[PDB]
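Below is one structure; the comments refer to it alone.
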Amino acid sequence: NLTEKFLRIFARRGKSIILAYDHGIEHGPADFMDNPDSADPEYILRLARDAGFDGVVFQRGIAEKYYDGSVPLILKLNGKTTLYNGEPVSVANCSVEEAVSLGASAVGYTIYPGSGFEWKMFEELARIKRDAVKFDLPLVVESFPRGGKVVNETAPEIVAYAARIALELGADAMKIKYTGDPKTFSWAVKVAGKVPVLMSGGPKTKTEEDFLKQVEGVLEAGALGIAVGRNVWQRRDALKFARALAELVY
Amino acid sequence: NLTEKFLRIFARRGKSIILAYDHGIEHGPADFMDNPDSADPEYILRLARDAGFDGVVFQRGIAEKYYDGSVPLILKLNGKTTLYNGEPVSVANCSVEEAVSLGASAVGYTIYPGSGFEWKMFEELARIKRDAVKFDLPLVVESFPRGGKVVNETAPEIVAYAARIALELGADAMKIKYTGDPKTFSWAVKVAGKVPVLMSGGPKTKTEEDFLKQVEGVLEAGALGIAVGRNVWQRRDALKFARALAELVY
Amino acid sequence: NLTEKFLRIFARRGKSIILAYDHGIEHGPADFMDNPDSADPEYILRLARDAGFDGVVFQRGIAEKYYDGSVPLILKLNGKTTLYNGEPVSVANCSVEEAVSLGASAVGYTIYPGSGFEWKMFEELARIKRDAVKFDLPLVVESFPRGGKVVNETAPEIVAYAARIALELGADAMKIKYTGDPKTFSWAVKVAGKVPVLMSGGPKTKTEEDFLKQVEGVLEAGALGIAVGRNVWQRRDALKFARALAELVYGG
Amino acid sequence: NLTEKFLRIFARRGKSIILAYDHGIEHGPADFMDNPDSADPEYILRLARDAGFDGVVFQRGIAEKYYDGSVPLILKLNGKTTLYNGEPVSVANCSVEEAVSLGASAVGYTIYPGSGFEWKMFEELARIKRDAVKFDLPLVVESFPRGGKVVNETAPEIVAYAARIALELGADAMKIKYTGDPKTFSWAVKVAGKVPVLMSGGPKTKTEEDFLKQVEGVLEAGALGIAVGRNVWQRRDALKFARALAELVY
Amino acid sequence: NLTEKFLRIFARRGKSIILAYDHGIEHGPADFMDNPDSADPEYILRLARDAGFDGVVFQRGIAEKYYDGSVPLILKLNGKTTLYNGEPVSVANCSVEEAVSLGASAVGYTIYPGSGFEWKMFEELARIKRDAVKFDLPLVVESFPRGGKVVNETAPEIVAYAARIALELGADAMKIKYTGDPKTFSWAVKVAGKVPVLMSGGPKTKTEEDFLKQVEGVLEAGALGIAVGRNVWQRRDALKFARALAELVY
Ligand SMILES: O=P(O)(O)OC[C@H]1O[C@](O)(COP(=O)(O)O)[C@@H](O)[C@@H]1O
Ligand SMILES: O=P(O)(O)OC[C@H]1O[C@](O)(COP(=O)(O)O)[C@@H](O)[C@@H]1O
Ligand SMILES: O=P(O)(O)OC[C@H]1O[C@](O)(COP(=O)(O)O)[C@@H](O)[C@@H]1O
Ligand SMILES: O=P(O)(O)OC[C@H]1O[C@](O)(COP(=O)(O)O)[C@@H](O)[C@@H]1O
Ligand SMILES: O=P(O)(O)OC[C@H]1O[C@](O)(COP(=O)(O)O)[C@@H](O)[C@@H]1O
């Protein structure tokens, strides 16, 4: 049971905080100027370790060049840029077998349900899922409906659809966007069933309290925890705030 | 003979009711708000068991996390969302071999004849059919003309075309839409030849009586039975109505 | 020499009549209302037998469920619908290896030269041709230019192009449309060289005599014979007319 | 060294004349009405032998049904039609291994630099080139820029680009179009470097003298020779003119 | 550690100059008319040797026909032409295995982040990266965002995105365009982290001083050095200028 394995590795305390760091490809390094140390993957690993978080999410190149075994790794297999204007699509740049060799304890794969290319990602996820089972690495589906009929990605029905799709396609754990309130988020959590839900952190909030309040809602909705990037490492007090997040979640 | 095997497993009483539950990907969880228990796959299994139905249709994720061997399983191999706006296409997210490992007694695969991508589904079905024969699992082709010249999915000529294509491509059983009357539906059944036809249930009807009359017409037309989802589990009296369906069909 | 194998199996009397029955996918069952028995593949087999024809053309599903070994089988490997609106394309739904298992004595594959997807069918045909040689099953290329610049599928130069393409791509036999006259059709036959030509029957003609006159033209032009569906099984007098075609084609 | 091999087989006299006969797919048989015997590949092989040319170029179907070993064969692996209206593309209908079995001493492959599908042919050529090396068959790249920014195919800078691309991608010999004069064409020859150049003959010229003057210019520019089709076999005095072309070139 | 291998071979003096010569396919031989000896790959090798540069970059055809082992080789695996009008895409015409057989010490692969075909290149690069690791050949990613939302290829934020993408995808070294000043260029170098950065030389500059100026800034920003083509071999004083560069960089 790969969900059970995911939880042993990434949620030993019963809840999970994963420090997300695939932004260098997904958004580019403009994200890193607020807190320039955030451009340095070594700083990110130290941060996750020092705050006592459960894991980090890296693309293959960051993992190859920097990963040192100090915190469990989720290897994000696919990746696209914001320079791309087409129907949303993100193809694997790394295989599950290579992820195993790079030290990963789980793999991550983004899908964009609704995209004109939704079929391309579903076709590839089939192969990645089969390999995840073969290599006994839990599969985290990052389910982000985008393109087609999707307008507001945080709409209650879109986030619930994202969660269900991830369960239906074989996710062992999933990452989805927060709806902005625990009632509607709890329905997303419900339709995910036996598969645990991590809230994607989102753009840096106006205040630290605003983010803390979102996290409180995520936990009240019954989610497993958070996959947070910017709301930690875009801050000059990243470690201080990370430790506050740890106190709340754990 | 995989048709004979399908009938032995799914039509032991001479007619068949399959409880369809791929809706979580195809339509999303808005289908589940009417009767919220329907979001829970365990409730669906209990429903199929308690109503005395012949099988359930699950996507791979639901099968992996929830399937318990209590009712024969049809593993629906492909899937798409309603968020998608292009020419209709649904690609496999699971292989026949993996379906066997998940406890399937048959596999399902949706095609959209007429679609600008009709070719992509015919190419893949070729590989699925070959694997179905190799693994001795019946193939249920869900034949739903859509896109292209199709403007009325329940027109007599369209449903008969759906049926015949399914036969031509190697289906061992098939699921098609009802034309709304037994005379025109009997022609679709005729052109399907030796391959048994299941009626797709469709949106929830205004009355239970309306659905029962459709089912009566399907049976008068010589179909094997129904693959029904919403018209059972979207009702708050799901089990009561399921038993009335069992009474009529068997 | 797979052309020689094709002729031995499908043209023992020196000319060939093949009963075509892929219509259930290509056109759908509206083709079958005129003579409802035509929807029953068992009727189609009895008809080919009783009329003394050389073969039948089936898609894989009809071959699997109905083929009984009684008349040689050409397994039509690809197939598309008329519901489709794109640039014409027909992809394989069956392999040559599976065709062998289904009792096929040859395989058929449609190409649409000129189509925006011309390349997709030529690419697949390459694999099917290699497999035909490996399994020693003759390949019948059904060459029907359509899409692109094609405005008249029975124009003399379009049919001759169709024929030449089939030869060039490795057909062991071919099926092409009739031009409507023996002089222009004999040029198509000529450019096909050593590869035998079968005339595709086409829509049911207004009279039986119109069809027999086309077939007469086809034979004068030096074609091997005909691959006919609707002009036989859309007729309520299917067997009577089929036997008339047998005497014209085999009798000379 | 497959260039040396090519030259040993197809240029033993130091110069080459190859009789091209892929026209039946590329242009269709309207090419053959001027001299109807030209539709008969047996006639074409006799012509090449009787004129003492170095080779013939056939598609797989003509090679299989007609090739008799009497003149060295270049198996043209791809082919498209003039009925086609899209971005120029020509895919392989034959493998290198099959070419060997059909008795080829070299393989030919057409590319259309600039085409919207340029990538499809480069992708394929990569595989063909690799196989050519494995089977020790020289690769003749037929380089014809078309589509994209290409307006005039016989412009000096386009013919030179054609020649250079062939060298860069691994051609052991190449075929390109004539620019119409020896000075500009000699620059194409130069940029081709160690890879010999064959002039593609083109449409039947108005007079036999016109073509002879072209071939002279070709030889003046330092090309290896010609790959000619129409300007020989579209002429009712094919053999007599072919012998004049042999006297000139050799 | 293939970065270290790259540096040992191509940066033994601590900085690097690579002579780039993939122009024959990328731009065509119009690039060669200024200095017609530049069309001769033997000349290019001589230049690299006599100026004491660290490598050359060749396409497979040039490597096969001309590479003599005299200067370390980067085998540029993909290639496109300027005749092409679609969304930018460059597919491999050579495998890593073949590059090893051709005598390569590293391989190069161009990506165009932002292109409608971004996914196609990312998919292919994944295979190339896996092979590079397998054959122990450093992978140089040439990261040139183009198409999509890219308006200005030398914009500070674009070049830095280019650098980060290369790191994330698994480059052992990278080649990017210069921003035109050292301050913004040092941000690109920083976000590249442990992966060394080579500046692409660009169009032949108006004066020799202008190019040196660019190079002075590139080194100031902390780049490893330059991959220069035109600004050396397009000059009629090529060898001299090349030796003035060698003086500056080393
Ligand atoms: O739609 P977005 O904002 O790009 O979200 C996707 C990004 O958010 C994450 O899931 C979590 O990071 P953040 O907390 O910074 O949002 C990243 O892994 C991913 O790249
Ligand atoms: O694509 P549509 O038209 O929504 O219908 C397809 C759906 O119908 C079914 O065949 C049967 O379910 P329903 O009885 O609820 O219609 C499902 O398996 C499938 O998802
Ligand atoms: O262009 P059309 O009319 O679809 O013709 C194609 C059909 O004709 C045939 O070649 C022969 O059948 P018909 O004699 O009915 O025309 C079939 O095998 C094929 O499906
Ligand atoms: O651009 P075109 O006219 O189609 O030229 C391509 C044709 O020319 C050739 O290279 C040589 O034949 P020709 O001498 O008749 O031009 C053929 O092999 C090829 O099919
Ligand atoms: O795609 P562009 O902008 O034409 O430039 C890329 C070219 O520049 C290089 O990276 C370096 O060569 P140059 O110094 O002449 O620019 C070449 O390898 C590459 O072909």
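By convention here, the chains of the structure tokens are called A, B, ... in the order presented, each chain's residues are numbered starting at 1, and ligands are numbered starting at 1 in the order presented.
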
Proximal residues of chain A relative to chain B (only C-alpha atoms; 9 Å) as a PyMOL selection string
chain A and resi 1+113-120+122-127+129-130+145-150+157-158+160-162+164-172+188+190-195

Write out, as a compact mmCIF listing (two decimals), in the first residue's frame, the residues just selected, with N, CA and C atoms.
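The result, written out as result_23.txt:
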# COMPACT_ATOMS: atom_id res chain seq x y z
N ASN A 1 0.85 -1.22 0.00
CA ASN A 1 0.00 0.00 0.00
C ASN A 1 0.87 1.25 0.00
N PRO A 113 -6.26 18.75 -15.93
CA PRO A 113 -7.59 18.37 -16.41
C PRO A 113 -8.28 19.57 -17.08
N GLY A 114 -8.90 19.31 -18.22
CA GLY A 114 -9.59 20.30 -19.00
C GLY A 114 -8.77 20.82 -20.18
N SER A 115 -7.44 20.74 -20.06
CA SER A 115 -6.54 21.20 -21.13
C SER A 115 -6.85 20.47 -22.41
N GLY A 116 -6.61 21.15 -23.52
CA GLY A 116 -6.66 20.52 -24.82
C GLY A 116 -5.68 19.36 -24.90
N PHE A 117 -4.70 19.33 -24.02
CA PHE A 117 -3.70 18.28 -23.97
C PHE A 117 -3.92 17.39 -22.74
N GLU A 118 -5.11 17.40 -22.16
CA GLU A 118 -5.33 16.56 -20.99
C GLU A 118 -4.97 15.08 -21.31
N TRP A 119 -5.33 14.64 -22.51
CA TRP A 119 -5.03 13.28 -23.00
C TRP A 119 -3.52 12.92 -22.97
N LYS A 120 -2.67 13.88 -23.32
CA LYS A 120 -1.21 13.67 -23.31
C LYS A 120 -0.70 13.37 -21.91
N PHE A 122 -2.60 12.30 -19.34
CA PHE A 122 -3.22 11.08 -18.85
C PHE A 122 -2.50 9.86 -19.42
N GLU A 123 -2.14 9.92 -20.71
CA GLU A 123 -1.42 8.83 -21.37
C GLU A 123 -0.07 8.60 -20.67
N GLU A 124 0.65 9.68 -20.36
CA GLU A 124 1.95 9.54 -19.72
C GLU A 124 1.84 9.12 -18.27
N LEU A 125 0.84 9.63 -17.58
CA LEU A 125 0.63 9.27 -16.18
C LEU A 125 0.38 7.77 -16.05
N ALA A 126 -0.24 7.16 -17.05
CA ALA A 126 -0.50 5.73 -17.03
C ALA A 126 0.82 4.99 -16.89
N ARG A 127 1.81 5.41 -17.67
CA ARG A 127 3.12 4.78 -17.66
C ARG A 127 3.88 5.04 -16.36
N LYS A 129 2.46 5.81 -13.42
CA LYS A 129 1.78 5.06 -12.39
C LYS A 129 2.22 3.60 -12.38
N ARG A 130 2.28 2.98 -13.55
CA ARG A 130 2.70 1.59 -13.63
C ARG A 130 4.13 1.43 -13.08
N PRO A 145 -6.59 21.52 -12.59
CA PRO A 145 -7.41 21.79 -13.78
C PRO A 145 -7.08 23.17 -14.33
N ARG A 146 -6.87 23.22 -15.64
CA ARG A 146 -6.41 24.40 -16.33
C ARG A 146 -6.65 24.21 -17.82
N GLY A 147 -7.11 25.26 -18.49
CA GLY A 147 -7.50 25.20 -19.90
C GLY A 147 -8.92 24.71 -20.03
N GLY A 148 -9.38 24.52 -21.28
CA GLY A 148 -10.77 24.15 -21.53
C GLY A 148 -11.77 25.06 -20.84
N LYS A 149 -12.66 24.48 -20.05
CA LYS A 149 -13.76 25.22 -19.44
C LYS A 149 -13.40 25.85 -18.09
N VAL A 150 -12.18 25.61 -17.63
CA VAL A 150 -11.75 26.07 -16.31
C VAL A 150 -11.50 27.59 -16.37
N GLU A 157 -16.05 23.73 -7.03
CA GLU A 157 -16.33 22.57 -7.87
C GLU A 157 -15.11 22.16 -8.66
N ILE A 158 -14.22 23.10 -8.98
CA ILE A 158 -13.02 22.78 -9.74
C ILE A 158 -12.03 22.04 -8.81
N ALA A 160 -12.79 20.32 -6.14
CA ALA A 160 -13.33 18.98 -5.89
C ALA A 160 -13.12 18.00 -7.07
N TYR A 161 -13.34 18.51 -8.27
CA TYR A 161 -13.07 17.75 -9.47
C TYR A 161 -11.59 17.36 -9.52
N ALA A 162 -10.70 18.29 -9.20
CA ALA A 162 -9.26 17.97 -9.20
C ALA A 162 -8.92 16.82 -8.28
N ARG A 164 -11.02 14.44 -7.03
CA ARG A 164 -11.57 13.20 -7.53
C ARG A 164 -10.76 12.60 -8.67
N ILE A 165 -10.33 13.42 -9.62
CA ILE A 165 -9.59 12.91 -10.76
C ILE A 165 -8.32 12.23 -10.28
N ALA A 166 -7.64 12.85 -9.32
CA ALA A 166 -6.41 12.28 -8.80
C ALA A 166 -6.64 10.89 -8.18
N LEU A 167 -7.67 10.74 -7.37
CA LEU A 167 -8.05 9.46 -6.84
C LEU A 167 -8.33 8.45 -7.97
N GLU A 168 -9.12 8.86 -8.96
CA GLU A 168 -9.57 7.97 -10.03
C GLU A 168 -8.41 7.45 -10.87
N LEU A 169 -7.38 8.28 -11.06
CA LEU A 169 -6.23 7.93 -11.90
C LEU A 169 -5.12 7.15 -11.18
N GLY A 170 -5.24 7.00 -9.86
CA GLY A 170 -4.32 6.15 -9.11
C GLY A 170 -3.33 6.85 -8.19
N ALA A 171 -3.55 8.13 -7.90
CA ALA A 171 -2.74 8.86 -6.92
C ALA A 171 -2.71 8.10 -5.58
N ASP A 172 -1.52 8.06 -5.00
CA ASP A 172 -1.32 7.59 -3.64
C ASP A 172 -1.43 8.73 -2.60
N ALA A 188 -13.82 18.56 -1.13
CA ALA A 188 -12.73 18.08 -1.94
C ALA A 188 -12.03 16.95 -1.22
N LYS A 190 -13.29 15.03 1.05
CA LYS A 190 -14.20 13.87 1.11
C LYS A 190 -14.16 13.03 -0.18
N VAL A 191 -14.28 13.69 -1.33
CA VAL A 191 -14.29 12.95 -2.59
C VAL A 191 -12.93 12.33 -2.94
N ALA A 192 -11.85 12.79 -2.32
CA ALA A 192 -10.54 12.15 -2.43
C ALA A 192 -10.48 10.80 -1.71
N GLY A 193 -11.43 10.56 -0.80
CA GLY A 193 -11.55 9.28 -0.14
C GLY A 193 -10.33 8.89 0.67
N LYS A 194 -9.79 7.70 0.40
CA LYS A 194 -8.64 7.17 1.13
C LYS A 194 -7.33 7.85 0.74
N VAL A 195 -7.33 8.75 -0.24
CA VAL A 195 -6.08 9.34 -0.68
C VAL A 195 -5.87 10.67 0.04

Which residues are close to residue 238 (chain E), i.e. within 12 Å by only C-alpha atoms, leaving aside same-chain residues fewer than 5 positions away? Reply as a list in words.
residues 19, 34, 35, 36, 37, 38, 43, 44, 46, 47, 48, 50, 51, 204, 208, 228, 229, 230, 231, 232, 233, 243, 244 and 245 of chain E

List as an NGL selection string the protein and nucleic acid residues near residue 178 (chain C), meaning an atom at most 10 Å away when only C-alpha atoms are counted, but skip any in the same chain fewer than 4 places from it.
:C and (153-156 or 159-160 or 182 or 184-185 or 188 or 198-202 or 214-215 or 217-218 or 226)

Determine, using only C-alpha atoms and all ligand atoms, which residues of chain C have any atom at most 6 Å from an atom of ligand 3, and tabulate each with its shortest atom pair and distance in Å to one decimal place, rows ordered by chain and then rising number, as a tab-separated table.
residue	atom	partner	partner_atom_place_in_ligand_line	distance
C:20	CA	ligand 3	18 (O)	4.8
C:22	CA	ligand 3	20 (O)	5.3
C:23	CA	ligand 3	20 (O)	5.1
C:26	CA	ligand 3	20 (O)	5.4
C:200	CA	ligand 3	10 (O)	4.5
C:201	CA	ligand 3	14 (O)	3.1
C:202	CA	ligand 3	16 (O)	3.2
C:203	CA	ligand 3	16 (O)	5.6
C:227	CA	ligand 3	11 (C)	5.4
C:228	CA	ligand 3	14 (O)	3.5
C:229	CA	ligand 3	15 (O)	3.6
C:230	CA	ligand 3	15 (O)	3.8
C:231	CA	ligand 3	14 (O)	6.0

What residues in region 26-248 of chain C get the DSSP label strand (DSSP E)? Please answer as an MDAnalysis selection string.
chainID C and resid 55:58 73:76 78:79 91:92 106:111 139:143 173:177 197:200 225:228

Expected file contents, prior selection, N, CA and C atoms, as a short mmCIF file (atom, residue, chain, number, x, y, z; two decimals), in the first residue's frame:
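Heads up, here's the output in out.cif:
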data_model
loop_
_atom_site.label_atom_id
_atom_site.label_comp_id
_atom_site.auth_asym_id
_atom_site.auth_seq_id
_atom_site.Cartn_x
_atom_site.Cartn_y
_atom_site.Cartn_z
N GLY C 55 -13.80 -14.71 -52.46
CA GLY C 55 -13.44 -14.21 -51.15
C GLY C 55 -14.44 -13.24 -50.58
N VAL C 56 -14.24 -12.92 -49.31
CA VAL C 56 -14.96 -11.88 -48.59
C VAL C 56 -13.95 -10.95 -47.92
N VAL C 57 -14.31 -9.68 -47.73
CA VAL C 57 -13.51 -8.72 -46.99
C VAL C 57 -14.27 -8.41 -45.68
N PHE C 58 -13.67 -8.74 -44.53
CA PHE C 58 -14.27 -8.47 -43.22
C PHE C 58 -13.29 -7.62 -42.37
N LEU C 73 -10.66 -15.35 -46.90
CA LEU C 73 -10.90 -14.11 -46.18
C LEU C 73 -9.76 -13.11 -46.42
N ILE C 74 -10.14 -11.87 -46.76
CA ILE C 74 -9.26 -10.72 -46.76
C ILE C 74 -9.67 -9.93 -45.53
N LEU C 75 -8.75 -9.83 -44.57
CA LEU C 75 -8.96 -9.06 -43.34
C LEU C 75 -8.58 -7.60 -43.59
N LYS C 76 -9.60 -6.75 -43.60
CA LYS C 76 -9.48 -5.31 -43.74
C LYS C 76 -8.97 -4.74 -42.42
N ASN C 78 -7.67 -1.62 -41.39
CA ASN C 78 -7.96 -0.30 -40.89
C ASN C 78 -9.44 -0.02 -41.03
N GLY C 79 -9.88 1.17 -40.70
CA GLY C 79 -11.28 1.52 -40.86
C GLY C 79 -11.58 2.84 -40.21
N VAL C 91 -6.85 4.26 -39.56
CA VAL C 91 -5.73 3.58 -38.90
C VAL C 91 -6.06 2.11 -38.61
N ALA C 92 -5.02 1.31 -38.47
CA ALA C 92 -5.18 -0.10 -38.23
C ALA C 92 -5.82 -0.34 -36.89
N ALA C 106 -5.38 -13.07 -46.94
CA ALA C 106 -4.74 -11.81 -47.30
C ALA C 106 -5.19 -10.73 -46.33
N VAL C 107 -4.51 -9.59 -46.41
CA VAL C 107 -4.88 -8.41 -45.65
C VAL C 107 -5.11 -7.24 -46.57
N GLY C 108 -6.00 -6.37 -46.13
CA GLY C 108 -6.33 -5.15 -46.84
C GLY C 108 -6.08 -3.92 -46.01
N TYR C 109 -5.70 -2.85 -46.67
CA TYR C 109 -5.41 -1.58 -46.01
C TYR C 109 -5.76 -0.41 -46.94
N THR C 110 -6.61 0.48 -46.44
CA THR C 110 -7.00 1.68 -47.18
C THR C 110 -6.02 2.82 -47.03
N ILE C 111 -5.68 3.46 -48.16
CA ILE C 111 -4.92 4.69 -48.11
C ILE C 111 -5.72 5.78 -48.83
N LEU C 139 -0.81 -8.45 -49.50
CA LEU C 139 -1.35 -7.15 -49.14
C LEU C 139 -2.14 -6.57 -50.28
N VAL C 140 -3.41 -6.28 -50.01
CA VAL C 140 -4.29 -5.57 -50.94
C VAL C 140 -4.38 -4.14 -50.46
N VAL C 141 -3.88 -3.21 -51.27
CA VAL C 141 -3.97 -1.80 -50.93
C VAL C 141 -5.18 -1.26 -51.67
N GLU C 142 -6.06 -0.66 -50.89
CA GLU C 142 -7.29 -0.01 -51.34
C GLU C 142 -6.92 1.47 -51.44
N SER C 143 -6.71 1.94 -52.67
CA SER C 143 -6.12 3.25 -52.91
C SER C 143 -7.18 4.20 -53.42
N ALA C 173 -1.86 -6.78 -54.54
CA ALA C 173 -3.04 -6.54 -55.37
C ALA C 173 -3.59 -5.20 -54.93
N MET C 174 -4.50 -4.63 -55.72
CA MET C 174 -5.07 -3.34 -55.33
C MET C 174 -6.54 -3.24 -55.69
N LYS C 175 -7.21 -2.32 -55.01
CA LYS C 175 -8.59 -1.97 -55.25
C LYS C 175 -8.65 -0.49 -55.52
N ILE C 176 -9.25 -0.10 -56.64
CA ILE C 176 -9.38 1.30 -57.02
C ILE C 176 -10.76 1.55 -57.63
N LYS C 177 -11.14 2.81 -57.74
CA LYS C 177 -12.43 3.21 -58.31
C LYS C 177 -12.39 3.18 -59.83
N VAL C 197 -5.53 -5.47 -60.54
CA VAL C 197 -6.46 -4.41 -60.19
C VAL C 197 -7.86 -4.98 -60.05
N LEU C 198 -8.49 -4.63 -58.94
CA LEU C 198 -9.87 -4.91 -58.62
C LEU C 198 -10.64 -3.61 -58.60
N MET C 199 -11.77 -3.60 -59.27
CA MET C 199 -12.64 -2.43 -59.31
C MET C 199 -13.50 -2.46 -58.06
N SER C 200 -13.53 -1.34 -57.34
CA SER C 200 -14.45 -1.14 -56.23
C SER C 200 -15.84 -0.92 -56.79
N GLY C 225 -10.71 -8.06 -61.93
CA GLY C 225 -12.08 -8.29 -61.50
C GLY C 225 -12.62 -7.20 -60.58
N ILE C 226 -13.48 -7.59 -59.65
CA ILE C 226 -14.22 -6.61 -58.89
C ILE C 226 -14.23 -6.97 -57.40
N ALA C 227 -14.29 -5.93 -56.57
CA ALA C 227 -14.52 -6.07 -55.15
C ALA C 227 -15.82 -5.31 -54.93
N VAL C 228 -16.91 -6.05 -54.72
CA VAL C 228 -18.25 -5.50 -54.80
C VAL C 228 -19.00 -5.81 -53.50
#
